[PDB]
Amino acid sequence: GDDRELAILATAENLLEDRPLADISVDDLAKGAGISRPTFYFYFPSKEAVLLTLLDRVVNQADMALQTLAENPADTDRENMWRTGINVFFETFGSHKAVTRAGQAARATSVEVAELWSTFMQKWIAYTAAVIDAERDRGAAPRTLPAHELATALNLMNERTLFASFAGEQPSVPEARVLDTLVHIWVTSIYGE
């Protein structure tokens, strides 16, 4: 039951490490999961639905980790607060690079994947803006740009920069440098001038 669905998902994630979604067949997923092709279609309508489910799990994992931080403030300086938050995405998506790469690609071809990513980006931007606003209200950050516009650009920077780093794109920031790089830009732009 749920065991076969999890086996399909585990097989898909393992196969996406080696090749793109277009090079993986339903029979590959069925075979790796130890089921027949018709049995696969009982659990998922398509291989694209499998990827959507994998990406949904990863994005909710990051979202739930961010929620945990939001409820449990670590006792540190403001730079460390932003670093701990950015690290949720660095660690969560960096621990699932194949699903990250395949899910970002599927945004062009799947409206459900595009809508999933858009929904969570809006949530993460709204949370970023709310924290910036709280920093301004307590007098720690200056009232410069509209907080929601600043939050939008910073979150889009992280999306593009983290995923370029994980994919080894040229150009990209080395993965071992990308957290420090992003934290610097967030802290200087939120607290500067």
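From 1 onward, residues are counted along the sequence shown. In this text, the rigid core denotes the largest set of C-alpha atoms whose superposition between the two forms falls within 1.5 Å.
- In a rigid core superposition of the other structures in 9 other deposited structures of this protein, 105-113 and 71-79 differ in how far their CA atoms stray, and the farther one is 71-79.
- For the segment pair 61-69 and 147-155, the entry gives 61-69 the higher mean B-factor, averaged over Cα atoms.
- When 103-111 is weighed against 71-79, 71-79 comes out higher, by mean CA B-factor as recorded in the entry.
- Across the residues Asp180, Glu175, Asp18, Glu169, the deposited record lists the maximum Cα B factor for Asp18.
- Sorting the modelled residues of the chain by their CA temperature factor places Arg136 in the middle third.
- Split the chain's modelled residues into thirds by C-alpha temperature factor. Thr161 is in the lowest one.
- In the deposited entry, the Cα temperature factor of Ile125 places it in the lowest third of its chain's modelled residues.
- When the CA B factors of the chain's modelled residues are split into thirds, the value for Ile8 lands in the middle one.
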